[PDB]
Each structure stands twice: as C-alpha cells, then as structure tokens.
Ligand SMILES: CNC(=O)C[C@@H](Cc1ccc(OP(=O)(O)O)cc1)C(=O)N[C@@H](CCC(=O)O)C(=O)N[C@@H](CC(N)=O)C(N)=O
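Below you'll find only one chain, the form deposited without the named molecule, shown as structure tokens.
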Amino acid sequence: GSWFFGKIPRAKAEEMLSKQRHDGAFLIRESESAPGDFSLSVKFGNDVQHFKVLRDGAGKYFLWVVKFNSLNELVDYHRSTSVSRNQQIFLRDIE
C-alpha cells in the first residue's frame, strides 16, 4: 500500500479511502494551489479526517505538537502513537 500521492483533490482523496477495507487507511496529499502545504487524509472509524501538516523553516513537518524531519518519520511515529487523544487510533496502509 503506497501512501504518498503528490498533489490530488480533497474529494478524490475522500472517495478512495472510504472504499478501502482497512481501519486507519491514509494518504498524504499537497493542498491544491499552495506549494509545500500538506494534509494527512486518514480514515478514523468511517470518516476521512484531514489533519493539517504545517512546515517550520527548512525540512520540518508538524501536525500534532512536536516536529518531524521527513514525511516517512511523521507516518512511522503515529503508526504506534495516537493522533486523536482519547481512544488510540493509528496510521494503516491502503489496499
């Protein structure tokens, strides 16, 4: 399951992830018109929830609190740690 999709629409990201069989199924998309402005599109339960990945300076990526140097480091941290702080919900690969 290949997670990175360079720059595709918000409606096309919601259509592909709602069809997927896996709980936690995600893709990281770039926002349409804004360069270097990312969004983690991740299915939590049944709804595809778009958490904004902001950039601090050079090569840095922060959505939750602490910054993550690469987009692969942002994925592998929240694959075991929770994004939504109540029930534990993690990042799983697409079909």
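Residue numbers here begin at 1 and follow the sequence given.
Note that the form solved in complex with the named molecule isn't included here; everything after this is about it.
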**Asked** Closest heavy atom of residue 68 to the named molecule in the entry with it bound, within 4.5 Å or not?
**Response** no
**Message:** Whether residue 43 contacts the named molecule in the entry with it bound should be assessed with a 4.5 Å heavy atom distance threshold; does it?
**Reply:** no
**Prompt:** Using heavy atoms and a 4.5 Å limit, would one call residue 79 a contact residue for the named molecule in the entry with it bound?
**Reply:** no
**Prompt:** With the cut-off set at 4.5 Å between non-hydrogen atoms, does residue 10 touch the named molecule in the entry with it bound?
**Reply:** yes
**Prompt:** Using a 4.5 Å cut-off on heavy atoms, which residues of 34-52 contact the named molecule in the entry with it bound?
**Reply:** 39, 49, 50, 51, 52
